[PDB]
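One structure below.
Atom set for the values below is all heavy atoms of this structure, side chains included, hydrogens, waters and symmetry mates excluded. Residue numbering restarts at 1 for every chain, and letters A, B, ... go by the order of the sequence lines.
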Amino acid sequence: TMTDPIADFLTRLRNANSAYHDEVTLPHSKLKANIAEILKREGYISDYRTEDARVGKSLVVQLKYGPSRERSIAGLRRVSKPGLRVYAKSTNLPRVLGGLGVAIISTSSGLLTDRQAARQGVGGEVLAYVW
Amino acid sequence: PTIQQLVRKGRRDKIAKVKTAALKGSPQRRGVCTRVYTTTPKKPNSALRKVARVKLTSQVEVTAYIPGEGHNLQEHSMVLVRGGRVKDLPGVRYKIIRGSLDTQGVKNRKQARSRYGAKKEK
Amino acid sequence: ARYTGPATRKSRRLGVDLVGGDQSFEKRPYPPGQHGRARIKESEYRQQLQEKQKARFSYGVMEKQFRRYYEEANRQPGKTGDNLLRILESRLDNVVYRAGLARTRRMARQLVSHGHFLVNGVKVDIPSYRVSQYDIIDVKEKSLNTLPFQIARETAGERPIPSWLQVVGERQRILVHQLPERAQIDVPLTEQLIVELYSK
Amino acid sequence: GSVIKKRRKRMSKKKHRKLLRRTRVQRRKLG
Amino acid sequence: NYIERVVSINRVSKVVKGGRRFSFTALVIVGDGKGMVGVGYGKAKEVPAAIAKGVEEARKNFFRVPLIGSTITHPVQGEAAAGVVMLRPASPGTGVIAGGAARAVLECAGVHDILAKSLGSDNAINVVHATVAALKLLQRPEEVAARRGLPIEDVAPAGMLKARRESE
RNA sequence: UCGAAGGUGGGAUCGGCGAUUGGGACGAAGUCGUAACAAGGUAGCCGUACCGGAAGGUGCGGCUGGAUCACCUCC
RNA sequence: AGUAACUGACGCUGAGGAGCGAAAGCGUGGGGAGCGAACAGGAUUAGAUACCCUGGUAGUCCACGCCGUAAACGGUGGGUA
RNA sequence: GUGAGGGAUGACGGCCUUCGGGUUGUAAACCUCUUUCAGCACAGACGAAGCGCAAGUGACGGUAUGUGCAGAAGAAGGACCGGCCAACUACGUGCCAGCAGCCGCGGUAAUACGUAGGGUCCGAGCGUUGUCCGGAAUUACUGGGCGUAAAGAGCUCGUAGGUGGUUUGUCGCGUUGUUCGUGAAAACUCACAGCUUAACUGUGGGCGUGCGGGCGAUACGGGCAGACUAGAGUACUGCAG
RNA sequence: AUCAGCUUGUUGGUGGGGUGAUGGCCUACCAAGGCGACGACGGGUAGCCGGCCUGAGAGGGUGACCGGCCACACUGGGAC
């Protein structure tokens, strides 16, 4: 059965990115929408919107490609997963691509990046890495 | 394996083979020569290797190799043996230390003297 | 201990002059022995080792002391190469030599070891003594009239005194403003090779 | 995979079965 | 001025009715020590000729490594065939910490301070290929900021920024 | 009363020796045979059963990690 | 498969455990045409405890039970996107 | 510490040789200089704002130390040199004698044995053996794998366990922030100071990755109370085997 | 687990006793519990720690000196 919706979202993104699709659709949830918000604000995806589906609602994500058709996402990794979950304090927050990437952290203040969490002095669960 | 499989069974390291079990944790042992004889090595090489049968103080009967050119070992001769393998001989893991106890340093040696128990010329 | 054997041997083997003005090295700039002419196989390890030997035979430092110096320099928060070079330069005998008071590093070491000098008002006879900021190195009054210091005090036109040092007294006082930086060191060889060798 | 490994294993197995057959009554009487 | 690194000479042979015919293969590295590198693999009946062909092949195929002052921008991990080489940037003055093949490639590429480790397939040719694959995974901060359409200060940390400043 | 040591008894469990006896490893050149690898000259191997100085043979089921299929006339 | 009427997360995997599990084999009772280990001859061979030929008993078949192995192989564990 | 400066078409001897010469080698011999440490002589501690109401009181110790005297005078060995892995020639021996960590070297011309020249690495040490970690990502949490290399149970059902779709409210168990107590000293690290330097010693921070109490947060995980139908299952109508 | 069962003051209660102190610590009676695959019960080995060595780190090995706690003082019991 489906165990990790977040990892399934990340793999849909990765598979669409490898296939040079301009479009990727998936069932909607609040957490996935928040991750889409962070990805868009950090400039990794072009734009996202949420339609409605036959049963519930869908999430639609536009993949950003450069003029010469080079992908704007180099990698997508799921860090904390069901089973082994990863939490980090405000001081040992992870670095992605030596700081060139972004780590998404679920704090009690919401979804933040590694830099935002470090600046606000908070910790939480390390959801994923984007670079 | 899965993380759950790890927490259930864990990782077991490989066991280490004990070397020179006759020494019993000592760098050297003293023994008495049960029999002093000679033997022939494995096929690719050929010589008359000099080997002594030593009964150590750890109550283990062990076959030891005699380095150097000439030796003065006979029956009932107290020797000090160390660890060291000789590739040619199949089951020899010990060498007799020259210049300790009954065994004498080699004669007319001028290089690597400390490894054969030969004093400096006066 | 100390190295007392011929000095030219090390210069010939290392391919550079370490004393500085020796004619024998110029006459034959190749390694000593029978096979000083044979072509050599090229190996990074050989180059790194020869750089370390250059460093530790220029200053007359044995291997254990050199390893202690490298550990100290690596531990410091600068960069390893110039830290090691500055630690080597801060030695008392090296300070005496660069101060123009000794023709060669060996005689500087001999003078220091014989207690001909006096740092900060207290007699010091330790060639490995390290010299800090605002250090005043003086020659004791008894040995001021000796021929070595005589010929040292009337040939003050040789190798220039580096910036971090300054001779101020007619009696050849030495003042140390600050520990030398990599720019002012003016030493042969390459520190990076030594750092690479000691990380192997 | 080479059939050499299978051959070595089968020779070992065959020899063991032969040994078991040769000492059936001795084993039964000793156990 | 070009620095060359003959990292391996191998004597290969093919069988014929008469017997064995031995040839020589040379893997060479060509670079200028300023950020440009190239790898060649030549074969001939004589070692110097094989070296020459390898050198010309390496010169023909060049590749610019994204240095930042004296090191690589960010850690990478490259894999080619079964060889796996990991690269990690180091503080200035550390020096090159790498095995013979990786050390040759990095010194030719002009990298001065870097931590590099090989984690599989000790074969020299594949280790060189994996090192080149890792060096091809590096991205300059400007390219990253262009990709995400953000100012260079927003994307890179302040640690990278002033390191470029001091080098420039 | 409890109570160390001692005595009696029947068992546990860990080792040593043992007349005889089984296999294992290695040993240029001994003896007997040709089992496998090329369709290895009966394709090979897996399980099982019987038989045979020995490798092995044969039956039943299974697998391909088995080779060859020339010429081939109408379109 | 279709309709989607109904319940409303009731799912997945599963240590151990239980069941099923080719052929050969084993027990008790039947049956037995063909085939056929073993066993007999014949031939080939230097020798044939083989290949080939002529015979041929267990077995192969049925009932009721044991066994629990296979190149039980897609040499590829199950679920999901 | 066993010396420092100067010292040549580069002495003798050794060794190699293409018989030319090269190397030991600025090394030596010689000319000066300095005496560290040892040796001799002289003086001579701190440790004791102590103890004692007696006049004195240091085991170390006449030690450390300081000042004079004489003179280079009393002071270097070990391993290794085929490749890994700095450093090669000659003679002797010949599948021997032997070496060897691995690969492997001994078959009258061995850079691998033995010995000599030379060289290299260390140096009051240098090697050998024993043991532990590293290299080993070779038990793989960081950080491995299973078609053919070792590795998918013959196949299912199912117990404990592990794990779990969308959504609302709540708890604050996990998670996270802060604060208080504790986490002896010593050790480690940073800085400073004292021994002529160093080792060593002291001082002041950090560290002591944790645990206990209070206070804050509620994204995620979990619990509690609900809701939904996309998973799962039932119903009905057909269908193939 | 190539050691799967173990326990009968053993698990709980009441009244007594005992102790500086709670308590099957002891005792009478009563009830039938208690532990165990999250490995009881057996077998082997071992003083524990601050620390030390190694390692990039995680980890691995270790418990010499110095410092803290425990245990013992020919062997085995016992109290004063």
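- Among the nucleotides H:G25, H:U229, H:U196, the one closest to any side-chain atom of C:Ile126 is H:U196.
- Side chain of C:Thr146 to backbone of C:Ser143: a donor-acceptor contact under 3.5 angstrom is found.
- Atom-to-atom, CD of E:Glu79 to P of H:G144 comes out at 11 Å; the value is rounded to the nearest Å.
- Helical stems involving RNA chain F, defined as 3 or more consecutive Watson-Crick or G-U pairs under 3.5 Å, span F:43-51 with F:56-64.
- Considering only side-chain N and O atoms, B:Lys19 lies nowhere under 4.0 angstrom from the phosphate OP1 or OP2 of H:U131.
- An OP1 or OP2 oxygen of H:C122 is reached within less than 4.0 angstrom by a side-chain nitrogen or oxygen of C:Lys52.
- With rounding to whole Å, A:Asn92 atom CG is found 10 Å from H:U209 atom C1'.
- Atoms CD1 (D:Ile4) and P (F:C37) sit 11 Å apart, rounded to a whole Å.
- Atom-to-atom, NZ of C:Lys10 to P of H:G119 comes out at 10 Å; the value is rounded to the nearest Å.
- B:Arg115 has its CZ atom 9 Å from the P atom of H:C99, to the nearest Å.
- In terms of phosphate contacts, D:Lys5 brings a side-chain nitrogen or oxygen within less than 4.0 Å of OP1 or OP2 of H:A149.
- With sequence neighbours excluded, no residue satisfies side-chain contact (heavy atoms from CB on, under 4.5 Å) with A:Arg54.
- The existence of a salt bridge linking A:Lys57 and A:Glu51 is excluded, since no basic side-chain nitrogen approaches an acidic carboxylate oxygen closer than 4.0 Å.
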- Item | B/S/- contact track for nucleotides 163-178 of chain H, protein heavy atom under 4.0 Å | SSSSSS-----BSSS-
- Base, backbone or nothing for each nucleotide of nucleotides 31-40 of chain H, written B, S, -, heavy atoms under 4.0 angstrom, 5' to 3'? --SBSB----
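- In this structure, C:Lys41 reaches the H:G83 phosphate: one of its side-chain N or O atoms is under 4.0 Å from OP1 or OP2.
- Taking 4.0 angstrom as the limit, C:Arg75 places a side-chain polar atom (N or O) nearer than this to OP1 or OP2 of H:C190.
- Atom CG of B:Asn45 is separated from atom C1' of H:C95 by 9 Å (rounded to the nearest Å).
- Taking only side-chain nitrogens and oxygens, A:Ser80 never comes nearer than 4.0 Å to OP1 or OP2 of H:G221.
- The side chain of C:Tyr129 lies closest to H:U196, out of H:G119, H:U196, H:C99.
- Using a 4.0 Å cut-off between charged side-chain N and carboxylate O, B:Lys110 and B:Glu121 make no salt bridge.
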- Note on the structure: The contact string for nucleotides 5-16 of chain H, one letter per nucleotide 5' to 3', using protein heavy atoms under 4.0 Å with B, S and - for base, sugar-phosphate only and none, comes out as SS---B----S-
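- Contact between the side-chain N/O atoms of D:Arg10 and the OP1/OP2 oxygens of F:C45 is found at a separation under 4.0 Å.
- Side chains of C:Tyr3 and C:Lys10: a donor on one and an acceptor on the other come within 3.5 Å.
- In this strand, H:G6 stacks on its neighbour H:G7, with six-membered ring centres under 5.5 Å apart and planes inclined by less than 30°.
- The nearest whole Å value for the distance from the CD atom in B:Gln5 to the P atom in H:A151 is 18 Å.
- Going from the P atom of F:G41 to that of G:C51 covers 15 Å, rounded to whole Å.
- Atom CD in D:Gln26 sits roughly 8 Å away from atom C1' in F:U21 (whole-Å rounding).
- Without hydrogens or angle criteria, B:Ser26 side chain to B:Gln28 main chain gives a donor-acceptor distance under 3.5 Å.
- Nearest to the side-chain atoms of D:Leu19 among the listed nucleotides H:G25, H:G78, F:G22 stands F:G22.
- Under 4.0 angstrom from either OP1 or OP2 of H:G162 there lies no side-chain N or O belonging to B:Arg8.
- Between H:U129, H:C85, H:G123, one nucleotide has an atom nearer to the side chain of C:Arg56 than all others, and that is H:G123.
- No Watson-Crick or G-U wobble pair joins G:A48 and H:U128 with the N1-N3 or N1-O2 distance and the second distance both under 3.5 Å.
- With a cutoff of under 4.0 Å to any heavy atom of chain A, the contacted region of RNA chain G is bounded 5' to 3' by G:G11 to G:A81.
- Distance from the side chain of C:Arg2 is smallest to H:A4 among H:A4, H:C102, F:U48.
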